[PDB]
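Here is the structure we will look at, set down as C-alpha coordinates.
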Amino acid sequence: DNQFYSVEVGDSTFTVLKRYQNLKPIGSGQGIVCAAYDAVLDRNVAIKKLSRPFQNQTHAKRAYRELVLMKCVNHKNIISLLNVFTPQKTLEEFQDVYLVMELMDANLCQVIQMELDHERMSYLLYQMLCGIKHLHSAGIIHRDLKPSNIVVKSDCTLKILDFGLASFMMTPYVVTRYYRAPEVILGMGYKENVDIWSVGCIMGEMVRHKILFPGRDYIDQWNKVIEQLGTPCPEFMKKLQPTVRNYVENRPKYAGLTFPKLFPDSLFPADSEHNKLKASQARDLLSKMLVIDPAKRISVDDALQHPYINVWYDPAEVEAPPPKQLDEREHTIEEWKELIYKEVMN
Ligand SMILES: O=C1/C(=N\O)c2c(-c3ccccc3)cccc2N1Cc1cc(F)cc2c1OCOC2
(Lines of atoms letter the chains of each structure in order from A and count residues from 1; the text may use other names and numbers.)
(Lines give C-alpha, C1' and ligand atoms only; values in the text may rest on other atoms or scores of the structure.)
Protein backbone atom coordinates (compact mmCIF):
# COMPACT_ATOMS: atom_id res chain seq x y z
CA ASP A 1 0.00 0.00 0.00
CA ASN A 2 1.14 3.50 -1.00
CA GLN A 3 3.76 2.28 -3.47
CA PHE A 4 3.83 5.67 -5.18
CA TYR A 5 5.88 8.82 -4.75
CA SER A 6 5.53 12.17 -6.49
CA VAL A 7 8.56 13.99 -7.89
CA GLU A 8 8.94 17.05 -10.13
CA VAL A 9 10.83 16.32 -13.33
CA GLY A 10 11.07 19.02 -15.89
CA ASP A 11 7.72 20.71 -15.84
CA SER A 12 5.95 17.59 -14.71
CA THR A 13 4.96 15.64 -11.65
CA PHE A 14 5.97 12.00 -12.10
CA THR A 15 4.03 9.86 -9.64
CA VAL A 16 5.57 6.41 -9.84
CA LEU A 17 6.03 3.05 -8.09
CA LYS A 18 8.63 3.25 -5.33
CA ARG A 19 10.90 0.71 -7.10
CA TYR A 20 11.95 3.33 -9.68
CA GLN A 21 14.35 6.10 -8.52
CA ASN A 22 16.76 8.88 -9.54
CA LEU A 23 14.73 9.91 -12.54
CA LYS A 24 16.35 11.88 -15.39
CA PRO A 25 14.71 13.72 -18.33
CA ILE A 26 15.57 12.16 -21.71
CA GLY A 27 12.42 13.15 -23.58
CA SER A 28 9.82 15.89 -23.98
CA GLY A 29 9.68 15.97 -27.76
CA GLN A 30 8.04 10.29 -27.22
CA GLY A 31 6.73 12.93 -24.84
CA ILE A 32 7.69 13.17 -21.20
CA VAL A 33 10.02 10.16 -21.23
CA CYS A 34 12.26 9.49 -18.24
CA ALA A 35 15.27 7.36 -17.40
CA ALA A 36 15.23 5.50 -14.09
CA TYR A 37 16.81 2.79 -11.95
CA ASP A 38 14.48 -0.12 -11.15
CA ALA A 39 15.49 -1.22 -7.65
CA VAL A 40 13.62 -4.53 -7.94
CA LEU A 41 15.09 -5.85 -11.22
CA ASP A 42 18.41 -4.04 -10.75
CA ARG A 43 18.83 -2.42 -14.10
CA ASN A 44 18.00 0.99 -15.54
CA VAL A 45 14.72 1.62 -17.35
CA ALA A 46 12.73 4.11 -19.37
CA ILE A 47 9.36 5.33 -18.17
CA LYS A 48 6.88 7.36 -20.24
CA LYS A 49 4.06 9.43 -18.75
CA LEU A 50 1.02 9.55 -20.98
CA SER A 51 -0.73 12.64 -19.63
CA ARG A 52 -4.47 12.02 -19.94
CA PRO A 53 -4.13 9.57 -22.88
CA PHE A 54 -7.91 9.49 -23.51
CA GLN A 55 -7.91 13.31 -23.87
CA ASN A 56 -8.54 12.94 -27.61
CA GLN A 57 -9.36 10.40 -30.35
CA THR A 58 -5.82 10.39 -31.75
CA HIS A 59 -3.99 10.01 -28.40
CA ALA A 60 -6.45 7.29 -27.38
CA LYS A 61 -5.87 5.41 -30.64
CA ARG A 62 -2.05 5.64 -30.33
CA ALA A 63 -2.07 4.75 -26.65
CA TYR A 64 -4.41 1.74 -27.12
CA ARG A 65 -2.43 0.36 -30.04
CA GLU A 66 0.85 1.03 -28.14
CA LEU A 67 -0.55 -0.95 -25.19
CA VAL A 68 -1.85 -4.10 -26.90
CA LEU A 69 0.85 -4.63 -29.49
CA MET A 70 3.73 -4.26 -27.01
CA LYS A 71 2.11 -6.94 -24.83
CA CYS A 72 1.98 -9.55 -27.57
CA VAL A 73 5.05 -8.91 -29.76
CA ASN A 74 8.36 -10.30 -28.67
CA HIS A 75 11.10 -9.49 -31.11
CA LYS A 76 14.57 -8.36 -30.07
CA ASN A 77 14.31 -5.28 -32.30
CA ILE A 78 10.94 -4.01 -31.13
CA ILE A 79 11.22 -2.13 -27.81
CA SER A 80 10.22 -4.36 -24.85
CA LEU A 81 7.53 -3.15 -22.51
CA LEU A 82 8.39 -4.42 -19.03
CA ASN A 83 5.69 -2.86 -16.87
CA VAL A 84 2.50 -0.75 -17.05
CA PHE A 85 0.84 1.10 -14.14
CA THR A 86 -1.52 3.84 -12.98
CA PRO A 87 -1.15 5.88 -9.74
CA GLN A 88 -4.98 6.26 -9.60
CA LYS A 89 -7.11 3.62 -7.88
CA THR A 90 -10.47 3.89 -9.73
CA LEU A 91 -11.86 4.36 -13.27
CA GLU A 92 -13.50 7.65 -12.10
CA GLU A 93 -10.16 9.01 -10.88
CA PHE A 94 -8.11 7.27 -13.60
CA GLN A 95 -5.91 9.93 -15.19
CA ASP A 96 -2.42 8.69 -16.21
CA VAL A 97 -0.70 5.55 -17.54
CA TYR A 98 3.05 5.05 -17.14
CA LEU A 99 4.80 2.70 -19.58
CA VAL A 100 8.07 1.18 -18.35
CA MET A 101 10.34 -0.27 -21.06
CA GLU A 102 14.01 -1.30 -21.07
CA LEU A 103 16.64 1.31 -21.79
CA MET A 104 19.01 1.86 -24.68
CA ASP A 105 21.73 4.48 -24.81
CA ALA A 106 20.78 6.97 -27.59
CA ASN A 107 18.54 8.25 -30.42
CA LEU A 108 19.09 7.32 -34.01
CA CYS A 109 19.28 11.16 -34.44
CA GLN A 110 22.60 11.22 -32.53
CA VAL A 111 23.99 8.22 -34.48
CA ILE A 112 23.30 10.22 -37.63
CA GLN A 113 25.62 12.94 -36.38
CA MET A 114 28.66 10.67 -36.81
CA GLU A 115 30.84 8.56 -39.14
CA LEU A 116 30.20 4.82 -39.01
CA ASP A 117 31.98 1.89 -40.59
CA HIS A 118 30.03 -0.24 -43.07
CA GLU A 119 29.84 -3.01 -40.43
CA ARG A 120 28.01 -0.85 -37.86
CA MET A 121 25.87 0.62 -40.62
CA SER A 122 25.07 -2.71 -42.33
CA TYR A 123 24.12 -3.86 -38.81
CA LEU A 124 21.72 -1.07 -37.92
CA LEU A 125 19.97 -1.35 -41.28
CA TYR A 126 19.80 -5.12 -40.94
CA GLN A 127 18.06 -4.71 -37.60
CA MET A 128 15.57 -2.08 -38.80
CA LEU A 129 14.70 -4.58 -41.55
CA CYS A 130 14.11 -7.42 -39.11
CA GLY A 131 11.74 -5.49 -36.80
CA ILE A 132 9.93 -4.27 -39.87
CA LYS A 133 9.68 -7.87 -41.21
CA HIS A 134 8.06 -9.18 -38.03
CA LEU A 135 5.64 -6.25 -38.11
CA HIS A 136 4.71 -7.04 -41.73
CA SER A 137 4.42 -10.80 -41.00
CA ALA A 138 1.89 -9.95 -38.29
CA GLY A 139 -0.09 -7.79 -40.70
CA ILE A 140 1.26 -4.52 -39.27
CA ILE A 141 2.48 -1.91 -41.73
CA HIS A 142 4.28 0.93 -40.00
CA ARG A 143 4.29 3.96 -42.36
CA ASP A 144 6.14 6.38 -40.09
CA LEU A 145 9.73 5.35 -39.41
CA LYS A 146 12.00 8.12 -38.21
CA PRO A 147 15.29 8.63 -36.30
CA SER A 148 13.48 10.10 -33.28
CA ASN A 149 11.70 6.68 -33.09
CA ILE A 150 14.59 4.23 -33.32
CA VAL A 151 16.91 3.78 -30.37
CA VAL A 152 20.35 2.22 -30.21
CA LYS A 153 22.82 0.68 -27.72
CA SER A 154 26.59 1.06 -27.35
CA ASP A 155 27.12 -2.47 -28.62
CA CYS A 156 25.23 -1.63 -31.83
CA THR A 157 21.92 -3.27 -30.90
CA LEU A 158 18.78 -1.43 -32.08
CA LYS A 159 15.06 -1.20 -31.22
CA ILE A 160 11.94 0.54 -32.57
CA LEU A 161 9.75 2.42 -30.06
CA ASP A 162 6.40 2.69 -31.94
CA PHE A 163 4.06 0.74 -34.25
CA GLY A 164 3.43 3.84 -36.38
CA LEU A 165 0.22 4.94 -38.09
CA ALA A 166 -3.11 3.10 -37.81
CA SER A 167 -7.59 12.89 -37.00
CA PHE A 168 -6.49 16.32 -35.68
CA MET A 169 -4.90 17.78 -32.49
CA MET A 170 -3.86 21.16 -31.02
CA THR A 171 -0.28 20.99 -29.65
CA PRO A 172 3.00 22.96 -29.81
CA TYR A 173 4.14 19.78 -31.67
CA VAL A 174 4.20 19.63 -35.51
CA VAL A 175 4.35 16.01 -36.83
CA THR A 176 7.56 15.15 -38.74
CA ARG A 177 7.08 14.25 -42.39
CA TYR A 178 10.44 13.82 -44.18
CA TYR A 179 10.39 10.05 -43.94
CA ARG A 180 6.95 9.34 -45.46
CA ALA A 181 6.59 7.40 -48.72
CA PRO A 182 5.36 9.03 -51.97
CA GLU A 183 2.43 6.58 -52.06
CA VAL A 184 1.46 7.83 -48.61
CA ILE A 185 2.10 11.50 -49.35
CA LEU A 186 -0.01 11.28 -52.47
CA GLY A 187 -2.45 9.08 -50.60
CA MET A 188 -2.44 6.47 -53.33
CA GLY A 189 -2.73 3.21 -51.41
CA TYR A 190 0.13 1.12 -50.19
CA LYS A 191 1.72 -2.28 -49.39
CA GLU A 192 4.46 -3.45 -47.00
CA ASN A 193 7.48 -2.11 -48.98
CA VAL A 194 6.25 1.42 -48.03
CA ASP A 195 8.59 1.43 -44.95
CA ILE A 196 11.42 0.60 -47.38
CA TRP A 197 11.25 4.21 -48.55
CA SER A 198 11.46 5.27 -44.93
CA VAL A 199 14.44 2.93 -44.36
CA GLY A 200 16.20 4.41 -47.44
CA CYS A 201 15.45 7.99 -46.31
CA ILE A 202 17.35 7.12 -43.20
CA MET A 203 20.28 5.26 -44.79
CA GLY A 204 20.77 8.29 -47.04
CA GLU A 205 20.67 10.64 -44.05
CA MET A 206 23.12 8.46 -42.10
CA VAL A 207 25.30 8.72 -45.17
CA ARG A 208 24.73 12.38 -46.06
CA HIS A 209 24.37 13.81 -42.52
CA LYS A 210 21.50 16.01 -43.65
CA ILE A 211 17.82 15.27 -43.95
CA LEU A 212 17.53 14.22 -47.60
CA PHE A 213 14.26 15.96 -48.42
CA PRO A 214 13.38 18.55 -45.75
CA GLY A 215 10.28 20.64 -46.13
CA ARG A 216 7.72 22.81 -44.38
CA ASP A 217 4.73 21.22 -46.16
CA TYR A 218 3.63 18.09 -48.05
CA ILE A 219 3.82 20.29 -51.20
CA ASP A 220 7.32 21.55 -50.46
CA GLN A 221 8.41 18.02 -49.48
CA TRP A 222 7.42 16.61 -52.87
CA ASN A 223 9.34 19.38 -54.68
CA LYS A 224 12.45 18.31 -52.85
CA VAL A 225 11.91 14.64 -53.83
CA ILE A 226 11.64 14.81 -57.63
CA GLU A 227 14.21 17.64 -57.53
CA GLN A 228 16.74 14.91 -56.62
CA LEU A 229 15.22 11.65 -57.86
CA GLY A 230 13.50 13.14 -60.92
CA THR A 231 9.88 13.07 -62.02
CA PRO A 232 8.47 9.49 -61.97
CA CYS A 233 7.41 7.74 -65.19
CA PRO A 234 4.02 7.40 -67.04
CA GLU A 235 3.18 4.01 -65.50
CA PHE A 236 3.43 5.55 -62.01
CA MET A 237 1.12 8.47 -62.71
CA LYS A 238 -1.35 6.11 -64.43
CA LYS A 239 -2.26 5.28 -60.80
CA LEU A 240 -2.71 8.62 -58.99
CA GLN A 241 -6.33 9.80 -58.72
CA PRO A 242 -7.28 12.31 -61.51
CA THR A 243 -7.49 15.12 -58.92
CA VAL A 244 -4.00 14.31 -57.58
CA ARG A 245 -2.64 13.28 -60.99
CA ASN A 246 -3.46 16.79 -62.27
CA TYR A 247 -1.42 18.63 -59.65
CA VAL A 248 1.36 16.05 -60.13
CA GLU A 249 1.58 16.01 -63.98
CA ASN A 250 1.49 19.80 -64.11
CA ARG A 251 4.76 20.25 -62.19
CA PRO A 252 8.20 21.58 -63.18
CA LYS A 253 9.77 18.43 -64.71
CA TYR A 254 13.06 17.00 -63.42
CA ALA A 255 15.59 14.73 -65.07
CA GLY A 256 16.93 13.95 -61.59
CA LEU A 257 20.44 12.95 -60.58
CA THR A 258 21.65 9.35 -61.04
CA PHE A 259 22.76 7.80 -57.76
CA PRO A 260 26.56 8.18 -58.00
CA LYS A 261 25.97 11.97 -58.18
CA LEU A 262 23.62 12.30 -55.16
CA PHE A 263 26.00 10.15 -53.12
CA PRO A 264 29.66 10.92 -54.08
CA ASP A 265 32.57 8.78 -52.86
CA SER A 266 33.46 11.72 -50.60
CA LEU A 267 30.59 10.65 -48.30
CA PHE A 268 31.75 7.06 -47.88
CA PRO A 269 34.53 5.57 -45.80
CA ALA A 270 36.38 3.94 -48.71
CA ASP A 271 40.21 3.93 -48.45
CA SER A 272 40.93 0.26 -47.91
CA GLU A 273 39.71 -2.08 -50.59
CA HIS A 274 37.11 -3.52 -48.26
CA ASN A 275 35.71 -0.03 -47.78
CA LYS A 276 35.52 0.69 -51.48
CA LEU A 277 33.80 -2.59 -52.38
CA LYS A 278 31.37 -1.95 -49.52
CA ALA A 279 30.52 1.67 -50.56
CA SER A 280 29.39 0.47 -54.02
CA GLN A 281 26.88 -1.96 -52.50
CA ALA A 282 25.71 0.72 -50.11
CA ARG A 283 24.95 2.75 -53.19
CA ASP A 284 23.36 -0.13 -55.17
CA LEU A 285 21.09 -0.75 -52.14
CA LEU A 286 20.32 3.00 -51.66
CA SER A 287 19.56 3.21 -55.40
CA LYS A 288 16.81 0.60 -54.92
CA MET A 289 15.17 1.78 -51.71
CA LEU A 290 14.91 5.39 -52.88
CA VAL A 291 12.43 4.52 -55.60
CA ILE A 292 9.28 6.62 -55.92
CA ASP A 293 7.23 3.89 -57.62
CA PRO A 294 6.45 1.12 -55.08
CA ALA A 295 5.77 -1.09 -58.14
CA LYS A 296 9.52 -0.91 -58.95
CA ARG A 297 10.94 -0.50 -55.38
CA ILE A 298 12.72 -3.30 -53.43
CA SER A 299 10.71 -5.69 -51.23
CA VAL A 300 11.63 -6.23 -47.56
CA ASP A 301 13.02 -9.78 -48.18
CA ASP A 302 15.16 -8.83 -51.17
CA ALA A 303 16.76 -6.03 -49.12
CA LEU A 304 17.79 -8.77 -46.61
CA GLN A 305 19.46 -10.86 -49.34
CA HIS A 306 21.28 -7.77 -50.69
CA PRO A 307 25.10 -8.36 -50.76
CA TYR A 308 25.57 -5.54 -48.25
CA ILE A 309 22.93 -6.67 -45.81
CA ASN A 310 22.98 -10.47 -45.93
CA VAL A 311 26.39 -10.72 -44.22
CA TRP A 312 24.32 -10.98 -41.00
CA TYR A 313 21.30 -13.06 -42.14
CA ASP A 314 19.79 -15.18 -39.32
CA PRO A 315 16.69 -17.44 -39.73
CA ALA A 316 15.82 -17.10 -36.06
CA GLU A 317 16.26 -13.32 -36.18
CA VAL A 318 14.35 -12.90 -39.48
CA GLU A 319 11.73 -15.65 -39.62
CA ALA A 320 10.41 -15.59 -36.04
CA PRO A 321 6.90 -16.99 -35.30
CA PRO A 322 4.23 -14.38 -36.19
CA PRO A 323 2.44 -12.45 -33.40
CA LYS A 324 -5.50 -10.31 -31.12
CA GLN A 325 -8.15 -7.66 -31.73
CA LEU A 326 -9.51 -5.41 -34.47
CA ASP A 327 -7.59 -2.12 -34.55
CA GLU A 328 -9.37 0.07 -37.11
CA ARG A 329 -11.87 1.49 -34.65
CA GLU A 330 -14.08 4.17 -33.30
CA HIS A 331 -15.15 5.19 -29.79
CA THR A 332 -15.69 8.39 -27.72
CA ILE A 333 -13.67 9.73 -24.77
CA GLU A 334 -15.58 7.86 -22.03
CA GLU A 335 -15.30 4.64 -24.07
CA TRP A 336 -11.57 5.11 -24.75
CA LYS A 337 -10.87 5.80 -21.06
CA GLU A 338 -12.80 2.58 -20.51
CA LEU A 339 -10.63 0.58 -22.89
CA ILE A 340 -7.27 1.99 -21.85
CA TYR A 341 -8.00 1.32 -18.17
CA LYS A 342 -9.19 -2.24 -18.99
CA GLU A 343 -5.91 -2.82 -20.86
CA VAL A 344 -3.89 -1.59 -17.86
CA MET A 345 -5.58 -3.67 -15.12
CA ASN A 346 -5.73 -6.59 -17.55
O1 LIG B 1 17.10 4.71 -25.01
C2 LIG B 1 16.17 5.47 -25.17
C3 LIG B 1 14.77 5.13 -24.89
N4 LIG B 1 14.37 3.93 -24.54
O5 LIG B 1 15.34 2.90 -24.35
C6 LIG B 1 13.99 6.36 -25.20
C7 LIG B 1 12.63 6.73 -25.15
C8 LIG B 1 11.57 5.79 -24.66
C9 LIG B 1 11.89 4.57 -24.06
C10 LIG B 1 10.90 3.72 -23.61
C11 LIG B 1 9.57 4.07 -23.74
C12 LIG B 1 9.22 5.27 -24.33
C13 LIG B 1 10.22 6.13 -24.79
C14 LIG B 1 12.25 8.02 -25.55
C15 LIG B 1 13.18 8.94 -26.00
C16 LIG B 1 14.52 8.58 -26.06
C17 LIG B 1 14.93 7.29 -25.68
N18 LIG B 1 16.20 6.72 -25.64
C19 LIG B 1 17.40 7.43 -26.07
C20 LIG B 1 18.23 7.91 -24.93
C21 LIG B 1 18.67 7.03 -23.97
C22 LIG B 1 19.45 7.48 -22.93
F23 LIG B 1 19.86 6.61 -21.99
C24 LIG B 1 19.82 8.83 -22.86
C25 LIG B 1 19.38 9.71 -23.84
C26 LIG B 1 18.59 9.25 -24.89
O27 LIG B 1 18.14 10.10 -25.87
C28 LIG B 1 18.37 11.51 -25.72
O29 LIG B 1 19.67 11.70 -25.12
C30 LIG B 1 19.75 11.17 -23.79
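Following Swiss-Prot, chain A residues are numbered 45-73, 75-211, 217-373, 378-400, in order.
Method of determination (from the header): X-ray crystallography, 2.8 Å.
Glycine is no exception: its Cβ is also placed from the backbone N, Cα and C atoms.
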For which of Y143, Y223, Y363 does Swiss-Prot record the feature phosphotyrosine?
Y223
Swiss-Prot annotation phosphothreonine: which of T131, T221 has it?
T221
How many Å separate the Cα of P373 from the Cα of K378, given that the 4 residues between them are not modelled?
9
How many Å separate the Cα of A211 from the Cα of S217, given that the 5 residues between them are not modelled?
11
Cα-Cα distance linking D189 (active site, proton acceptor) and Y223 (phosphotyrosine), given in Å to the nearest integer:
16
Round to a whole number and give the Cα-to-Cα distance in Å for the pair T221 (phosphothreonine) and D189 (active site, proton acceptor).
19
Mind giving me a neighbour count for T221 (phosphothreonine)? Other Cβ atoms within 10 Å of its Cβ, every protein chain shown.
8
